[PDB]
Amino acid sequence: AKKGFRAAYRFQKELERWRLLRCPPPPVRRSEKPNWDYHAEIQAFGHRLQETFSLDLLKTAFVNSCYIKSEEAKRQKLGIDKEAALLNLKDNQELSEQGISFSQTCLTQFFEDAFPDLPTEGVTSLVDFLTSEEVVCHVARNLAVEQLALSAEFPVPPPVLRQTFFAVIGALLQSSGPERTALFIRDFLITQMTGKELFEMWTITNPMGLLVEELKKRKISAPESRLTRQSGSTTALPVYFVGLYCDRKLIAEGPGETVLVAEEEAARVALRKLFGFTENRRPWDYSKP
Amino acid sequence: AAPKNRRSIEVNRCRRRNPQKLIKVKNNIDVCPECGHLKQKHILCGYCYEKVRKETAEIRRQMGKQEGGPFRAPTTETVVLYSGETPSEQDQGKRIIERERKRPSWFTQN
Amino acid sequence: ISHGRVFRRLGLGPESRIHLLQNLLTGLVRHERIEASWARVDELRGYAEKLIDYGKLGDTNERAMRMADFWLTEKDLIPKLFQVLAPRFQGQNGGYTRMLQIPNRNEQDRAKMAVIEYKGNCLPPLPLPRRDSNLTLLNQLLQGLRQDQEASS
Amino acid sequence: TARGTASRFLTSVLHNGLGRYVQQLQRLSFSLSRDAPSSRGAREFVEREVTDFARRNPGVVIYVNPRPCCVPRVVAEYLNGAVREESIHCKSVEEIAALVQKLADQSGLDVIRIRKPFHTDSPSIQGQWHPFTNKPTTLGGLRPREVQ
Amino acid sequence: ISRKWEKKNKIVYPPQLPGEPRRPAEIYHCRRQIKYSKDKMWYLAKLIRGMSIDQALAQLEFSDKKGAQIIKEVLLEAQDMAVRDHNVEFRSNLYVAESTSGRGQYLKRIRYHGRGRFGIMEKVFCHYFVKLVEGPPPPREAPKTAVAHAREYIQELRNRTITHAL
Amino acid sequence: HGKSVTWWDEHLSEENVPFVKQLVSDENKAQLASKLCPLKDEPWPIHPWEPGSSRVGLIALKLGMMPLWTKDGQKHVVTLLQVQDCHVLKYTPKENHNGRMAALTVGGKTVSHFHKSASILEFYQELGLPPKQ
Amino acid sequence: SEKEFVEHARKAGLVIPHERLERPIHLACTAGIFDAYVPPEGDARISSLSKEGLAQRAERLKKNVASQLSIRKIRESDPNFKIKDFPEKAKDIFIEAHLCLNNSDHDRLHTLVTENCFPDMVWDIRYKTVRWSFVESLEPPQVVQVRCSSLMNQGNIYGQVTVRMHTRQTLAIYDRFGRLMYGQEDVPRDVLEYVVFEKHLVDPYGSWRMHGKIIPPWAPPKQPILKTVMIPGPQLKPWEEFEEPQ
Amino acid sequence: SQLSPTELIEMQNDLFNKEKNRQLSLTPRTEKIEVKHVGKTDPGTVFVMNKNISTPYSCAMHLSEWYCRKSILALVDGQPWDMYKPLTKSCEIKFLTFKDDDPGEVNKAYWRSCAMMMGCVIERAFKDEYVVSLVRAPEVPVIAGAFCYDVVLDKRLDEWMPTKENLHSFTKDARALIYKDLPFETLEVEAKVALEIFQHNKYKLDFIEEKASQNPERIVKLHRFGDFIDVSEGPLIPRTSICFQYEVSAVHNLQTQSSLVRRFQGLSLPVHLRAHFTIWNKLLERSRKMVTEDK
Ligand SMILES: [Mg+2]
Ligand SMILES: [Mg+2]
Ligand SMILES: [Mg+2]
Ligand SMILES: [Mg+2]
Ligand SMILES: [Zn+2]
């Protein structure tokens, strides 16, 4: 035995740490943790984005169906009278619909203006991507939407989150004009398109066919695959560069292991030049008109 | 000659977990058609051989009782019998051992 | 370099080897079935086989008699060799002895063990290994071949 | 040491400052003692500075708890989900001020080795070198000893 | 001393919601303070890892090691525990998940030498641990095919990056 | 799968063992007596002797030793080598082996079928000889 | 160099220190059930008939000498005691006891059930999970008989009340791995049980407890187990031959 | 009827599944039957089992893995039972092995099973353009040097007999079939719903008709493994894995007045009995000759 409190206490902390390392505790709502004031949080959410919301509208936005049904479970199981004040809650359904519709419209217009040559199927693909489960959930989670959202099941399953994000968008669209909201969308959505490719989000499976069609439209005829560069054919690691020629002018060119893969690549490149989705392309404009 | 340094645990694990020091798996094990215990294919079954050993012991005991001493062993062939049996004409003129147990299934009359 | 050495070294020396086999043989002629160290039994088997051959030479042969006198230690057995064992081997030239490997000794020395026996003894029979029957699938397939060696001749 | 610890590439949370700048510090929680001497500085800070600080940074919520503790802490919490603990124990008003400022300007990313000072998507405008970029093409595209 | 392995059998799980996969039984069992060495025992314990329990019993049956019969007794006890106490149909349906040897508490004795010197000798003890799981034995891993190696090599070549480059 | 070890004898009955043995040995006699007549079959072209040429060899069996005498009176000791069953087995052409000389492969005395390996048994199967030691 | 192990644990029953006990063992209960009521063999077909069952039960209660002798001993030793109220209390005791087995709360279970019963209902089930619900009582609980054991040593009397009850219960037993073992959770299965209750009288704290559970000799075979089971043949040493009865 | 090769498979399998689920629904509960062990080995052992669920295999699983691997066929009372065929009533069980003294039952079972395998191999080894009609698996004794399957082929195909290449292809495919380990599944059916499964093969329908004709209740014995279904006499071995050496030896054209029928002959041995290379070659030589017993 050694006489003192200090080392004992300090060790109790270690015991706790190991206890948490060996069994991790299931994630808990930030709402159910020691420092919370819902109101102040909302106001902060507003101010930090440099936006102005109606507090009624935003408070409305972070409400979900499931939260209300769970609240009705707690209501009906204890025999309490809630219904008047509880069904006055006005969930986010409406706002979320306005928000998604508007965002899709807005984005679509953005792209349609930036890339005149993108076929409709393509711009549709892009908007589909920036409105995706993944991307929106990511963004919302990092803007502390998951924090404010009222729901059952704390990890907040992704569909509910998407709902909530666009809910907030709609709330903003009511609170300020389509102009301001357009700015918000181009700041927190369009930026997720940074560093991304085209065919990263488009997913089209036969580049050659699509190129032939898009060249019919342009009244150019028959891309001819022609082998340009090659190193080692007999190797386990060959390299081919396939060029695509139109009337003996070279439109585009690409690398690969196999002559097939390379040809396919040159197709993708040509496509990327035609649609004006390119590396060299003008970076997006972030400015105040 | 005394070791110049302590052999580290990595070296040591390399030596004693080596394939050549591991017990090698025996592939010749099978089941005795008789008692359904286990045996190696080239060896008599232990269980069955225990049956035989016990019975042999009892027989020898009872044929030690027929011999009054150490040095008396018969000058004739011997034959062992069981409850409800009688010596054959071919088997008479022989030493006879009579056991109480009924003749065992594996043991034939011959 | 052991090349072409037929006899294995046992006991305290060559003489102790002979006496070990002496005892083993006497045990074998008395009880007609014994069990011992696989190596020693193997070593014994040859002697056990030749003893019957000296027995066949008959009581009156002097060589066979003092041979049996040396090898069979308990003297009372010497008649048994000549008047019991040697008669019941008549037709057969060499078939006198059955030797099988028993499971390893249960004592902590875990030796390799064998049981050795004079054929035609009166004891519960050893559970010898049986060949498969003829009704077994493979053997049947061979029966086919056999009958077609008969049909084609 | 560098081989000893983790590391990360230089990044921002949510492409901050691209479209618009979003202060990443979300909330700030102080815990101090009205009575204990160790918290003395922290108390002064709560009197004079906190108020003003809160106006300078409208987007961060600031919770202050007087409770009976021996070691005053400030818990920063970021949009990133990151939580950073700090001890304001036995410091001036000035030192706490400086500290809280550091907390206000941080990304909330993990502070560890950063592999390289820059981060670029599309470094490559106008091409990226490959073994053929500077090589002349020949007529017919023949190999060195190839005949036609 | 520390006895933990024994308490592993006393865990109770929450009942299974229908539609979820049926959870395989786990039986922890051990024997403490055996007069075998720890290492000698390790070989035996290693031998029977991942074998179906009948296979393990077969292999042990013919080993000449002193430890072999100990482990065999432990396995039989574990089998009967598995069928009786926990609920397992098909006592042949168990395989050996974990098998290992720990060291026990040693006795210390004198070992005499000569010229009046002595060494200090340890009468050695050990523990044997086993954990049986209900099911067929998990399949033994085949070594990498040429195809697999080549894949991995290519993938590695493909993971390369321009270094210190920007 | 734990597949157990097996030998040729294992599953045969007491009836079939003599049979199998007869089968193999008889086919051995047939096969050896069949190739007994080389020159009437399809012999490869015989060439005359060139100066730098080298013959095939044999595989024999060392029997023992014997004395033998020479007309000058001296005594020599000799080794008896018996050729038992000797056949050429395969032929590797000049360019495929040393780049200098062709390689003939020659077999020694006959052995049991049962104790060789599947590969080897196939090799002799397509030949029509019994296996060489 | 000389040190030995300790702690070889042993349980030695010896009568001498067992007799020298200075404070002899105080029992709250008696291990047996004195007189086992043996029910009608047609008790299944009289249960669908209301005024057959009720009539014959009440009749057999009022007609018996021993029954009302004991009911008199209990009434005289313990005032404010009624036979017509009791099957209610008994039923409630039942429901709470098994609802204790659900939650695995042994403290309350020691208030409800007797010392003879507790080992039985708790023992085997402790490493398993039990879900047991009460849905219906088809025939209202009947009081079959009453008995008293007079111990002349202690002057102690134990009232033992046999209540026959017909019931609708749902029982599911889960294995320690959480996998279902005995029976479904959705089937309201019909049960008939003869439940013996006991109370210590001379005791001032006088609890009414659940003593035992009697099963009739004709009782319907209990529902089948889920898993398959094997019953080994006699284990034989080598020299012992097998013998088959017919 | 216009149907793809895959559609036939789908139909038959879905019918089989329907029937099997019907037989399953017929048994309302978990019912306990008491099986006794009449074996020479572990006497007096008594299994307590689920009626129409538990199988003699599942019965061996209570004993030891040794029975599971060694036991090909299960004698229930006096009759051979397939290892995976669910027990019906309470009874007594004995297990049957290849190296057993009077294996003949087991032998028959093995021969049948291999035959069926070959049937499956053949049916799916021909181009979609042609039409392959499996006929039956004529039951030969095993002293006859092979096992065999009868198949009729498309009329434009009547001229050619296979080449060592082709036979070796069949064999390769059968080994492919063995490699993946498929249990043999059994079902007892009524003729009405048996005929609906086969349909397009006439000879099959005839066979079913005769087979159901000799049984009072019109019961037909179905076996299936993987996607393949067939009718057969008597029980089969439990696994595909049991076969080791397997060969499709040769085919022989045999013609009736009303049809031209190809007889596919092959030869095989189980892992337990596997024979040395030389022995194998001799037996394989005998398996090339025509094997005739239809009666
Ligand atoms: Mg020595
Ligand atoms: Mg001294
Ligand atoms: Mg030391
Ligand atoms: Mg030491
Ligand atoms: Zn045996």
# chains A, B, ... in the order shown; residues from 1 in each chain; ligands from 1
$ interface_residues --of "chain E" --to "chain F" --cutoff "12 Å" --atoms "only C-alpha atoms" --output "PyMOL selection string"
chain E and resi 51-52+55+136-140
$ select_by_dssp --residues "chain C" --states "strand (DSSP E)" --output "PyMOL selection string"
chain C and resi 33-37+97-102+113-118
$ residues_near_ligand --ligand "ligand 1" --cutoff "12 Å" --atoms "only C-alpha atoms and all ligand atoms" --output "list in words"
residues 8, 9, 10, 11, 12, 13, 14, 16, 17, 39 and 40 of chain C
$ write_last_selection --atoms "N, CA, C and O atoms" --output "CSV table (one decimal), in the first residue's frame"
chain,number,residue,atom,x,y,z
C,8,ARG,N,19.7,-59.2,-34.5
C,8,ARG,CA,19.7,-57.9,-33.7
C,8,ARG,C,20.3,-58.1,-32.4
C,8,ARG,O,20.2,-59.1,-31.7
C,9,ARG,N,21.0,-57.0,-31.9
C,9,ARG,CA,21.6,-57.0,-30.6
C,9,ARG,C,20.6,-56.7,-29.5
C,9,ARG,O,20.0,-55.7,-29.4
C,10,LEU,N,20.6,-57.7,-28.5
C,10,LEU,CA,19.7,-57.6,-27.4
C,10,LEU,C,20.4,-57.8,-26.1
C,10,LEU,O,21.6,-58.2,-26.2
C,11,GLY,N,19.8,-57.6,-25.0
C,11,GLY,CA,20.4,-58.0,-23.7
C,11,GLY,C,21.7,-57.3,-23.4
C,11,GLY,O,22.0,-56.2,-23.8
C,12,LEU,N,22.5,-58.0,-22.6
C,12,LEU,CA,23.7,-57.5,-22.1
C,12,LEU,C,24.9,-57.9,-23.0
C,12,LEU,O,26.0,-57.5,-22.7
C,13,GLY,N,24.6,-58.6,-24.0
C,13,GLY,CA,25.6,-59.1,-24.9
C,13,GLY,C,25.1,-60.3,-25.6
C,13,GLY,O,23.9,-60.7,-25.4
C,14,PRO,N,25.9,-60.9,-26.6
C,14,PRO,CA,25.4,-62.1,-27.3
C,14,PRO,C,24.8,-63.2,-26.5
C,14,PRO,O,23.7,-63.7,-26.8
C,16,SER,N,23.6,-63.0,-23.4
C,16,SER,CA,22.3,-62.6,-22.8
C,16,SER,C,21.2,-62.6,-23.8
C,16,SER,O,20.0,-62.9,-23.4
C,17,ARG,N,21.5,-62.4,-25.0
C,17,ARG,CA,20.6,-62.5,-26.1
C,17,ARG,C,20.1,-63.9,-26.2
C,17,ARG,O,18.8,-64.1,-26.2
C,39,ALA,N,10.2,-56.4,-31.4
C,39,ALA,CA,11.5,-56.7,-31.8
C,39,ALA,C,11.9,-58.1,-31.3
C,39,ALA,O,12.4,-58.9,-32.1
C,40,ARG,N,11.7,-58.3,-30.1
C,40,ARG,CA,12.2,-59.6,-29.5
C,40,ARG,C,11.4,-60.8,-30.0
C,40,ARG,O,11.9,-61.8,-30.2
$ residues_around --residues "residue B:95" --least-positions-apart "3" --cutoff "10 Å" --atoms "only C-alpha atoms" --output "PyMOL selection string"
chain B and resi 63+66+74-80+91-92
$ atom_distance --atom1 "atom CA of residue H:241" --atom2 "atom CA of residue H:72"
11.5 Å
$ residues_near_ligand --ligand "ligand 5" --cutoff "6 Å" --atoms "only C-alpha atoms and all ligand atoms" --output "ChimeraX atom specification"
/B:32,34-35,37,45,47-48
$ write_last_selection --atoms "N, CA and C atoms" --output "JSON list (two decimals), in the first residue's frame"
[["chain", "number", "residue", "atom", "x", "y", "z"],
["B", 32, "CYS", "N", -13.05, -50.87, -36.37],
["B", 32, "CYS", "CA", -13.16, -52.32, -36.31],
["B", 32, "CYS", "C", -14.57, -52.72, -36.71],
["B", 34, "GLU", "N", -16.06, -55.25, -36.15],
["B", 34, "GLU", "CA", -16.67, -56.01, -35.09],
["B", 34, "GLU", "C", -17.29, -55.11, -34.03],
["B", 35, "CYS", "N", -16.45, -54.47, -33.23],
["B", 35, "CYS", "CA", -16.91, -53.70, -32.08],
["B", 35, "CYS", "C", -17.13, -52.21, -32.36],
["B", 37, "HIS", "N", -14.97, -49.86, -32.47],
["B", 37, "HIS", "CA", -13.99, -48.96, -31.87],
["B", 37, "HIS", "C", -12.96, -48.60, -32.92],
["B", 45, "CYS", "N", -7.11, -55.10, -33.33],
["B", 45, "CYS", "CA", -7.95, -54.20, -32.57],
["B", 45, "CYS", "C", -7.76, -54.40, -31.07],
["B", 47, "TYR", "N", -9.58, -53.52, -28.38],
["B", 47, "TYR", "CA", -10.76, -53.97, -27.66],
["B", 47, "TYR", "C", -10.98, -55.47, -27.82],
["B", 48, "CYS", "N", -11.02, -55.93, -29.07],
["B", 48, "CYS", "CA", -11.23, -57.34, -29.35],
["B", 48, "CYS", "C", -10.13, -58.19, -28.73]]
$ closest_atom_pairs --of "chain C" --to "chain F" --cutoff "10 Å" --atoms "only C-alpha atoms" --output "JSON lines"
{"residue": "C:130", "atom": "CA", "partner": "F:13", "partner_atom": "CA", "distance": 8.8}
{"residue": "C:131", "atom": "CA", "partner": "F:13", "partner_atom": "CA", "distance": 5.2}
{"residue": "C:132", "atom": "CA", "partner": "F:13", "partner_atom": "CA", "distance": 5.0}
{"residue": "C:133", "atom": "CA", "partner": "F:13", "partner_atom": "CA", "distance": 5.7}
{"residue": "C:134", "atom": "CA", "partner": "F:13", "partner_atom": "CA", "distance": 5.9}
{"residue": "C:135", "atom": "CA", "partner": "F:13", "partner_atom": "CA", "distance": 9.2}
{"residue": "C:136", "atom": "CA", "partner": "F:11", "partner_atom": "CA", "distance": 8.4}
{"residue": "C:137", "atom": "CA", "partner": "F:11", "partner_atom": "CA", "distance": 9.6}
{"residue": "C:138", "atom": "CA", "partner": "F:11", "partner_atom": "CA", "distance": 7.5}
{"residue": "C:139", "atom": "CA", "partner": "F:12", "partner_atom": "CA", "distance": 6.2}
{"residue": "C:140", "atom": "CA", "partner": "F:16", "partner_atom": "CA", "distance": 9.5}
{"residue": "C:142", "atom": "CA", "partner": "F:16", "partner_atom": "CA", "distance": 7.1}
{"residue": "C:143", "atom": "CA", "partner": "F:16", "partner_atom": "CA", "distance": 7.8}
{"residue": "C:145", "atom": "CA", "partner": "F:19", "partner_atom": "CA", "distance": 9.5}
{"residue": "C:146", "atom": "CA", "partner": "F:19", "partner_atom": "CA", "distance": 7.6}
{"residue": "C:149", "atom": "CA", "partner": "F:23", "partner_atom": "CA", "distance": 9.7}
$ residues_near_ligand --ligand "ligand 4" --cutoff "10 Å" --atoms "only C-alpha atoms and all ligand atoms" --output "PyMOL selection string"
chain E and resi 108+119-122
$ interface_residues --of "chain H" --to "chain B" --cutoff "12 Å" --atoms "only C-alpha atoms" --output "PDB file with N, CA, C and O atoms, in the first residue's frame"
ATOM      1  N   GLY H  39     -27.906 -52.566 -35.118  1.00  0.00           N
ATOM      2  CA  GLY H  39     -26.537 -52.766 -35.548  1.00  0.00           C
ATOM      3  C   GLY H  39     -25.732 -53.689 -34.653  1.00  0.00           C
ATOM      4  O   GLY H  39     -26.010 -53.838 -33.461  1.00  0.00           O
ATOM      5  N   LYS H  40     -24.726 -54.315 -35.251  1.00  0.00           N
ATOM      6  CA  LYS H  40     -23.808 -55.213 -34.563  1.00  0.00           C
ATOM      7  C   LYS H  40     -22.942 -54.458 -33.563  1.00  0.00           C
ATOM      8  O   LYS H  40     -22.379 -55.041 -32.637  1.00  0.00           O
ATOM      9  N   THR H  41     -22.870 -53.145 -33.755  1.00  0.00           N
ATOM     10  CA  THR H  41     -21.879 -52.305 -33.097  1.00  0.00           C
ATOM     11  C   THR H  41     -22.334 -51.667 -31.786  1.00  0.00           C
ATOM     12  O   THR H  41     -21.794 -51.978 -30.729  1.00  0.00           O
ATOM     13  N   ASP H  42     -23.310 -50.768 -31.854  1.00  0.00           N
ATOM     14  CA  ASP H  42     -23.755 -50.040 -30.668  1.00  0.00           C
ATOM     15  C   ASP H  42     -25.183 -50.393 -30.348  1.00  0.00           C
ATOM     16  O   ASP H  42     -26.090 -49.597 -30.581  1.00  0.00           O
ATOM     17  N   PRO H  43     -25.389 -51.588 -29.793  1.00  0.00           N
ATOM     18  CA  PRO H  43     -26.736 -52.131 -29.632  1.00  0.00           C
ATOM     19  C   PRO H  43     -27.524 -51.413 -28.540  1.00  0.00           C
ATOM     20  O   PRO H  43     -26.939 -50.789 -27.654  1.00  0.00           O
ATOM     21  N   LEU H  63     -24.414 -40.657 -33.427  1.00  0.00           N
ATOM     22  CA  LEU H  63     -23.414 -41.659 -33.072  1.00  0.00           C
ATOM     23  C   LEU H  63     -21.998 -41.110 -33.164  1.00  0.00           C
ATOM     24  O   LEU H  63     -21.340 -40.903 -32.146  1.00  0.00           O
ATOM     25  N   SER H  64     -21.546 -40.858 -34.388  1.00  0.00           N
ATOM     26  CA  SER H  64     -20.202 -40.350 -34.635  1.00  0.00           C
ATOM     27  C   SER H  64     -20.014 -40.058 -36.099  1.00  0.00           C
ATOM     28  O   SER H  64     -20.760 -40.545 -36.935  1.00  0.00           O
ATOM     29  N   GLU H  65     -18.990 -39.280 -36.409  1.00  0.00           N
ATOM     30  CA  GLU H  65     -18.711 -38.913 -37.781  1.00  0.00           C
ATOM     31  C   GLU H  65     -18.387 -40.156 -38.590  1.00  0.00           C
ATOM     32  O   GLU H  65     -18.541 -40.179 -39.814  1.00  0.00           O
ATOM     33  N   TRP H  66     -17.944 -41.195 -37.894  1.00  0.00           N
ATOM     34  CA  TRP H  66     -17.542 -42.425 -38.549  1.00  0.00           C
ATOM     35  C   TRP H  66     -18.690 -43.053 -39.300  1.00  0.00           C
ATOM     36  O   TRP H  66     -18.536 -43.467 -40.447  1.00  0.00           O
ATOM     37  N   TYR H  67     -19.850 -43.108 -38.665  1.00  0.00           N
ATOM     38  CA  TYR H  67     -21.026 -43.602 -39.351  1.00  0.00           C
ATOM     39  C   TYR H  67     -21.382 -42.710 -40.529  1.00  0.00           C
ATOM     40  O   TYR H  67     -21.634 -43.196 -41.625  1.00  0.00           O
ATOM     41  N   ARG H  69     -19.597 -40.886 -42.458  1.00  0.00           N
ATOM     42  CA  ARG H  69     -18.766 -41.064 -43.641  1.00  0.00           C
ATOM     43  C   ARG H  69     -18.830 -42.472 -44.213  1.00  0.00           C
ATOM     44  O   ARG H  69     -18.799 -42.655 -45.428  1.00  0.00           O
ATOM     45  N   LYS H  70     -18.908 -43.469 -43.341  1.00  0.00           N
ATOM     46  CA  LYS H  70     -18.878 -44.850 -43.799  1.00  0.00           C
ATOM     47  C   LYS H  70     -20.221 -45.404 -44.242  1.00  0.00           C
ATOM     48  O   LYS H  70     -20.266 -46.372 -44.991  1.00  0.00           O
ATOM     49  N   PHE H  95     -27.039 -49.847 -40.280  1.00  0.00           N
ATOM     50  CA  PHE H  95     -26.344 -49.095 -41.318  1.00  0.00           C
ATOM     51  C   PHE H  95     -25.501 -49.996 -42.194  1.00  0.00           C
ATOM     52  O   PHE H  95     -24.990 -51.020 -41.745  1.00  0.00           O
ATOM     53  N   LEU H  96     -25.358 -49.600 -43.450  1.00  0.00           N
ATOM     54  CA  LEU H  96     -24.766 -50.455 -44.462  1.00  0.00           C
ATOM     55  C   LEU H  96     -23.641 -49.764 -45.203  1.00  0.00           C
ATOM     56  O   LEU H  96     -23.788 -48.620 -45.683  1.00  0.00           O
ATOM     57  N   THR H  97     -22.554 -50.518 -45.336  1.00  0.00           N
ATOM     58  CA  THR H  97     -21.259 -50.037 -45.785  1.00  0.00           C
ATOM     59  C   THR H  97     -20.765 -50.820 -46.997  1.00  0.00           C
ATOM     60  O   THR H  97     -21.245 -51.913 -47.268  1.00  0.00           O
ATOM     61  N   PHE H  98     -19.798 -50.270 -47.716  1.00  0.00           N
ATOM     62  CA  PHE H  98     -19.220 -50.973 -48.848  1.00  0.00           C
ATOM     63  C   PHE H  98     -18.436 -52.213 -48.465  1.00  0.00           C
ATOM     64  O   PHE H  98     -18.457 -53.208 -49.182  1.00  0.00           O
ATOM     65  N   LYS H  99     -17.730 -52.144 -47.344  1.00  0.00           N
ATOM     66  CA  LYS H  99     -16.823 -53.212 -46.938  1.00  0.00           C
ATOM     67  C   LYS H  99     -17.527 -54.214 -46.041  1.00  0.00           C
ATOM     68  O   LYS H  99     -16.907 -55.108 -45.468  1.00  0.00           O
ATOM     69  N   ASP H 100     -18.837 -54.043 -45.931  1.00  0.00           N
ATOM     70  CA  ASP H 100     -19.713 -54.943 -45.190  1.00  0.00           C
ATOM     71  C   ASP H 100     -19.735 -56.332 -45.842  1.00  0.00           C
ATOM     72  O   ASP H 100     -19.323 -56.482 -46.989  1.00  0.00           O
ATOM     73  N   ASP H 101     -20.188 -57.348 -45.110  1.00  0.00           N
ATOM     74  CA  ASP H 101     -20.137 -58.731 -45.600  1.00  0.00           C
ATOM     75  C   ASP H 101     -21.047 -59.077 -46.789  1.00  0.00           C
ATOM     76  O   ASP H 101     -20.619 -59.789 -47.696  1.00  0.00           O
ATOM     77  N   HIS H 272     -14.017 -45.299 -50.987  1.00  0.00           N
ATOM     78  CA  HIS H 272     -13.700 -46.333 -50.018  1.00  0.00           C
ATOM     79  C   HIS H 272     -13.001 -47.507 -50.666  1.00  0.00           C
ATOM     80  O   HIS H 272     -12.089 -48.089 -50.092  1.00  0.00           O
TER      81      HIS H 272
END
$ residues_around --residues "residue A:191" --least-positions-apart "6" --cutoff "10 Å" --atoms "only C-alpha atoms" --output "PyMOL selection string"
(chain A and resi 130+185+284+286) or (chain D and resi 14-16+18-19)
$ write_last_selection --atoms "C-alpha atoms" --output "tab-separated table (two decimals), in the first residue's frame"
chain	number	residue	atom	x	y	z
A	130	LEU	CA	-25.69	15.58	-56.31
A	185	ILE	CA	-27.21	25.11	-53.34
A	284	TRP	CA	-16.78	26.75	-61.68
A	286	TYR	CA	-18.13	31.34	-57.33
D	14	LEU	CA	-16.75	20.13	-46.88
D	15	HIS	CA	-14.54	22.12	-49.24
D	16	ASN	CA	-14.65	25.02	-46.84
D	18	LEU	CA	-14.55	27.34	-51.80
D	19	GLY	CA	-18.08	28.61	-52.12
$ interface_residues --of "chain H" --to "chain F" --cutoff "7 Å" --atoms "only C-alpha atoms" --output "list in words"
residues 273, 275, 276 and 277 of chain H
$ interface_residues --of "chain C" --to "chain B" --cutoff "6 Å" --atoms "only C-alpha atoms" --output "list in words"
residues 76, 80, 84, 101, 102, 103, 122 and 124 of chain C
$ residues_around --residues "residue G:98" --least-positions-apart "5" --cutoff "12 Å" --atoms "only C-alpha atoms" --output "list in words"
residues 91, 92, 93, 103, 104, 105, 106, 108, 109, 112, 113, 118, 121, 122, 130, 131, 132, 133, 134, 169, 170, 171 and 210 of chain G
$ closest_atom_pairs --of "chain E" --to "ligand 2" --cutoff "8 Å" --atoms "only C-alpha atoms and all ligand atoms" --output "tab-separated table"
residue	atom	partner	partner_atom_place_in_ligand_line	distance
E:114	CA	ligand 2	1 (Mg)	7.0
E:115	CA	ligand 2	1 (Mg)	6.7
E:116	CA	ligand 2	1 (Mg)	5.1
$ residues_around --residues "stretch 29-43 of chain F" --least-positions-apart "6" --cutoff "9 Å" --atoms "only C-alpha atoms" --output "ChimeraX atom specification"
/F:85,128-130
$ interface_residues --of "chain E" --to "chain D" --cutoff "12 Å" --atoms "only C-alpha atoms" --output "MDAnalysis selection string"
chainID E and resid 162:166
$ atom_distance --atom1 "atom CA of residue H:3" --atom2 "atom CA of residue H:200"
10.5 Å
$ select_by_dssp --residues "stretch 36-227 of chain A" --states "helix (DSSP H, G or I)" --output "PyMOL selection string"
chain A and resi 38-48+55-61+65-78+83-86+93-114+120-130+133-142+145-148+158-175+178-188+190-193+199-202+207-217
$ residues_around --residues "residue H:57" --least-positions-apart "5" --cutoff "10 Å" --atoms "only C-alpha atoms" --output "list in words"
residues 62, 67, 68, 69, 71, 72, 73, 74, 82, 83, 84, 85, 86, 95 and 238 of chain H
